[PDB]
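Reproduced below: run.csv, with CSV, C-alpha atoms.
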```csv
chain,number,residue,atom,x,y,z
Y,1,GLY,CA,68.5,-49.8,57.0
Y,2,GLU,CA,66.7,-51.3,54.0
Y,3,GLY,CA,68.7,-53.9,52.0
Y,4,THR,CA,70.4,-57.3,52.2
Y,5,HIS,CA,72.4,-57.6,55.5
Y,6,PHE,CA,73.5,-60.7,57.5
Y,7,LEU,CA,73.1,-61.9,61.1
Y,8,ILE,CA,74.7,-64.0,63.7
Y,9,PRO,CA,72.5,-66.7,65.4
Y,10,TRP,CA,74.2,-65.7,68.7
Y,11,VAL,CA,72.7,-62.2,68.5
Y,12,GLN,CA,69.6,-63.3,66.6
Y,13,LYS,CA,67.3,-61.7,64.0
Y,14,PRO,CA,66.8,-57.9,64.4
Y,15,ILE,CA,63.4,-56.4,65.1
Y,16,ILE,CA,61.7,-55.2,61.9
Y,17,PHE,CA,59.4,-52.1,62.0
Y,18,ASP,CA,56.9,-50.5,59.6
Y,19,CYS,CA,59.1,-47.5,58.9
Y,20,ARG,CA,56.9,-45.7,56.3
Y,21,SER,CA,54.1,-43.2,56.4
Y,22,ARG,CA,51.0,-45.1,57.4
Y,23,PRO,CA,47.5,-43.4,57.8
Y,24,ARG,CA,45.3,-43.6,60.8
Y,25,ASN,CA,41.8,-42.3,61.2
Y,26,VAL,CA,40.6,-41.0,64.6
Y,27,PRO,CA,36.9,-40.4,64.6
Y,28,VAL,CA,35.9,-38.5,67.7
Y,29,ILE,CA,32.5,-37.4,69.2
Y,30,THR,CA,33.2,-34.6,71.7
Y,31,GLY,CA,32.0,-31.3,73.2
Y,32,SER,CA,32.9,-27.7,72.7
Y,33,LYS,CA,33.1,-24.4,74.5
Y,34,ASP,CA,29.3,-24.2,74.0
Y,35,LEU,CA,28.9,-27.9,75.0
Y,36,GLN,CA,27.9,-29.1,71.5
Y,37,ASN,CA,28.2,-32.6,70.2
Y,38,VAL,CA,30.9,-32.2,67.5
Y,39,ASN,CA,31.7,-35.1,65.2
Y,40,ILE,CA,35.3,-34.6,64.0
Y,41,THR,CA,37.7,-37.0,62.3
Y,42,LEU,CA,41.5,-36.6,62.3
Y,43,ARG,CA,43.7,-38.4,59.8
Y,44,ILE,CA,47.5,-38.7,60.4
Y,45,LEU,CA,50.4,-40.4,58.6
Y,46,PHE,CA,52.8,-42.0,61.1
Y,47,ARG,CA,56.4,-43.0,60.9
Y,48,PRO,CA,58.6,-44.0,63.8
Y,49,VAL,CA,61.8,-42.2,64.2
Y,50,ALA,CA,64.4,-44.6,62.9
Y,51,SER,CA,67.1,-43.6,65.4
Y,52,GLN,CA,64.6,-44.1,68.2
Y,53,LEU,CA,63.5,-47.6,67.2
Y,54,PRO,CA,65.8,-49.4,69.7
Y,55,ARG,CA,64.4,-47.4,72.5
Y,56,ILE,CA,60.8,-47.8,71.2
Y,57,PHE,CA,61.2,-51.6,71.3
Y,58,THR,CA,61.6,-51.6,75.0
Y,59,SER,CA,59.0,-49.2,76.3
Y,60,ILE,CA,56.3,-49.2,73.6
Y,61,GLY,CA,57.3,-52.5,71.9
Y,62,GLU,CA,57.5,-53.7,68.3
Y,63,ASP,CA,54.0,-52.2,67.7
Y,64,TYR,CA,54.4,-48.4,67.7
Y,65,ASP,CA,50.6,-48.1,67.1
Y,66,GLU,CA,47.5,-49.0,69.1
Y,67,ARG,CA,49.3,-48.6,72.4
Y,68,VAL,CA,50.3,-44.9,72.4
Y,69,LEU,CA,48.6,-43.0,69.6
Y,70,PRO,CA,45.0,-43.8,70.4
Y,71,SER,CA,45.3,-41.9,73.6
Y,72,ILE,CA,47.5,-39.1,72.1
Y,73,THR,CA,45.3,-38.3,69.1
Y,74,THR,CA,42.0,-38.8,70.9
Y,75,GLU,CA,42.9,-36.7,73.9
Y,76,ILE,CA,44.5,-33.9,71.8
Y,77,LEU,CA,41.5,-33.7,69.5
Y,78,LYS,CA,39.2,-33.3,72.6
Y,79,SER,CA,41.5,-30.7,74.3
Y,80,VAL,CA,41.7,-28.6,71.1
Y,81,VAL,CA,38.0,-28.8,70.3
Y,82,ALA,CA,37.1,-27.9,73.8
Y,83,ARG,CA,39.0,-24.6,73.3
Y,84,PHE,CA,36.6,-23.6,70.4
Y,85,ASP,CA,32.8,-23.5,70.2
Y,86,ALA,CA,30.8,-25.2,67.5
Y,87,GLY,CA,30.9,-22.3,65.1
Y,88,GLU,CA,34.6,-21.5,65.7
Y,89,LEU,CA,35.5,-25.1,64.6
Y,90,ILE,CA,34.7,-24.1,61.1
Y,91,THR,CA,35.0,-20.3,60.9
Y,92,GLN,CA,38.3,-20.5,62.8
Y,93,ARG,CA,39.2,-23.9,61.4
Y,94,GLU,CA,42.6,-22.8,60.3
Y,95,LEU,CA,43.7,-22.1,63.8
Y,96,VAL,CA,42.0,-25.3,65.0
Y,97,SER,CA,44.1,-27.4,62.7
Y,98,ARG,CA,47.2,-25.6,63.8
T,1,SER,CA,32.8,-31.5,83.8
T,2,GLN,CA,29.1,-31.1,83.4
T,3,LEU,CA,29.1,-27.5,82.1
T,4,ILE,CA,32.6,-27.0,83.3
T,5,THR,CA,34.4,-28.6,80.4
T,6,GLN,CA,37.8,-27.4,81.6
T,7,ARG,CA,39.6,-30.5,80.2
T,8,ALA,CA,43.0,-28.9,80.6
T,9,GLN,CA,42.4,-28.9,84.3
T,10,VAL,CA,40.9,-32.4,84.4
T,11,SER,CA,43.8,-33.9,82.6
T,12,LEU,CA,46.4,-32.2,84.8
T,13,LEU,CA,44.4,-33.1,87.9
T,14,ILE,CA,43.8,-36.7,87.2
T,15,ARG,CA,47.3,-37.1,85.9
T,16,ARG,CA,48.9,-35.9,89.1
T,17,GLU,CA,46.5,-37.8,91.4
T,18,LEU,CA,46.6,-41.0,89.4
T,19,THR,CA,50.4,-40.8,89.4
T,20,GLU,CA,50.6,-40.5,93.2
T,21,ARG,CA,48.2,-43.3,93.6
T,22,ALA,CA,50.0,-45.5,91.1
T,23,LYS,CA,53.2,-45.0,93.0
T,24,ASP,CA,51.3,-46.1,96.2
T,25,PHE,CA,51.4,-49.6,94.5
T,26,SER,CA,54.8,-49.2,92.9
T,27,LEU,CA,53.4,-48.5,89.5
T,28,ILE,CA,54.6,-45.9,87.0
T,29,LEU,CA,51.6,-44.0,85.5
T,30,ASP,CA,52.3,-41.0,83.3
T,31,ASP,CA,50.0,-40.7,80.4
T,32,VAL,CA,47.5,-38.7,78.4
T,33,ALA,CA,44.3,-40.5,79.5
T,34,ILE,CA,41.3,-40.1,77.2
T,35,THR,CA,38.8,-38.3,79.3
T,36,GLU,CA,35.3,-39.0,77.9
T,37,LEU,CA,32.4,-36.8,78.9
T,38,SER,CA,29.1,-38.6,77.9
T,39,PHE,CA,26.2,-37.0,79.7
T,40,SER,CA,22.6,-37.7,80.4
T,41,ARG,CA,19.7,-37.4,78.0
T,42,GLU,CA,18.2,-34.3,79.7
T,43,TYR,CA,21.5,-32.5,80.0
T,44,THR,CA,22.2,-33.2,76.3
T,45,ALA,CA,18.7,-32.0,75.4
T,46,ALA,CA,18.9,-28.8,77.4
T,47,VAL,CA,22.3,-28.0,76.0
T,48,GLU,CA,21.3,-28.7,72.4
T,49,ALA,CA,18.1,-26.7,72.9
T,50,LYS,CA,20.1,-23.7,73.8
T,51,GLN,CA,21.7,-23.5,70.3
T,52,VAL,CA,18.4,-24.6,68.6
T,53,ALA,CA,16.6,-21.8,70.2
T,54,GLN,CA,19.0,-19.1,69.2
T,55,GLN,CA,19.0,-20.3,65.6
T,56,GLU,CA,15.2,-20.2,65.7
T,57,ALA,CA,15.4,-16.6,66.9
T,58,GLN,CA,17.5,-15.7,63.9
T,59,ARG,CA,15.0,-17.5,61.7
T,60,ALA,CA,12.2,-15.5,63.1
T,61,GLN,CA,14.0,-12.3,62.2
T,62,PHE,CA,14.3,-13.5,58.6
T,63,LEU,CA,10.6,-14.3,58.6
T,64,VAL,CA,9.8,-10.7,59.7
T,65,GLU,CA,11.7,-9.4,56.7
T,66,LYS,CA,9.8,-11.8,54.5
T,67,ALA,CA,6.5,-10.5,55.9
T,68,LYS,CA,7.5,-6.9,55.2
T,69,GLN,CA,8.2,-7.8,51.6
T,70,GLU,CA,4.9,-9.5,51.3
T,71,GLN,CA,3.1,-6.5,52.8
T,72,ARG,CA,4.6,-4.3,50.0
T,73,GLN,CA,3.7,-6.8,47.3
T,74,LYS,CA,0.1,-6.9,48.5
T,75,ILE,CA,-0.1,-3.1,48.7
```

Hey, can you dump this file as structure tokens for me?
Amino acid sequence: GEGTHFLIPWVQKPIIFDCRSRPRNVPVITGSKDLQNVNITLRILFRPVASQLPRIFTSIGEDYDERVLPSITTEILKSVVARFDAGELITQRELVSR
Amino acid sequence: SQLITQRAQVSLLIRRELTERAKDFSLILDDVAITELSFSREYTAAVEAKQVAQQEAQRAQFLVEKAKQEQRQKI
């Protein structure tokens, strides 16, 4: 956790992570159910799960961003938008965001 | 796809087949791969023209109403 701790050179300095809500913008140009060129931008605050940080720093690495989330957020936006047409993206926007 | 934008199916399909082919070379591949769909100029133009044309049809209906009002004004 946050605070003044200690370490043993035999085990070495622990891995530090940006454990606070950090914004990321995902601008996406995509299609729709009526095949229209939708410009849509998604904005998300990210934290890593603290209890999962050990595991993260094996599979993802010390950088929990740029390796996983670009694919997740970009693909999810396109899969959601493709389930609505150009008009529904606004008139049904509530459901779209859900 | 072109016209068949069934991205749920393309993602499951490429996910399975890429996974099998990755294991062919002792790789682990299990992802959410960003499927892009950029198309040709003529495809894009036809597809946009569809919506442009129907918006123009609605506009023509409004112009007919406008013309009726002008007819009454003139009379």

Could you check the closest approach to residue 36 of chain T for each of Y:36, Y:12, Y:74, Y:25 and tell me which residue wins, using only C-alpha atoms?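 Closest to residue 36 of chain T of all the choices is Y:74.
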
Calculated over all atoms listed in the file, which of the candidates Y:13, Y:40, Y:1, Y:34 has the smallest distance to residue 90 of chain Y?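 Closest residue, counting all atoms listed in the file: Y:40.
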
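With distances restricted to all atoms listed in the file, Y:50 is the closest residue to residue 2 of chain Y from Y:83, Y:38, Y:21, Y:50.
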
Polymer residues at most 12 Å from residue 39 of chain T, all atoms listed in the file, same-chain spacing of 5 or more positions, as a list in words: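 Here the qualifying residues turn out to be residues 30, 31, 35, 36 and 37 of chain Y; 1, 2, 3, 5, 44, 45, 46 and 47 of chain T.
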
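The interatomic distance for the pair atom CA of residue 77 of chain Y and atom CA of residue 41 of chain Y works out to 8.8 Å.
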
For chain T, list the residues within 10 Å of chain Y, counting all atoms listed in the file, and write the list as an NGL selection string. :T and (2-8 or 11 or 31-38 or 44 or 47-48 or 50-51)

Within-12 Å shell of (54.8, -46.3, 72.0) in input frame, all atoms listed in the file, as a list in words: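 It turns out the residues near that spot are residues 46, 47, 48, 49, 52, 53, 54, 55, 56, 57, 58, 59, 60, 61, 62, 63, 64, 65, 66, 67, 68, 69, 70, 71 and 72 of chain Y; 31 of chain T.
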
One-decimal distance in Å that lies between atom CA of residue 97 of chain Y and atom CA of residue 81 of chain Y: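 Rounded to one decimal, the two atoms are 9.8 Å apart.
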
How many Å separate atom CA of residue 74 of chain T from atom CA of residue 59 of chain T? 22.6 Å
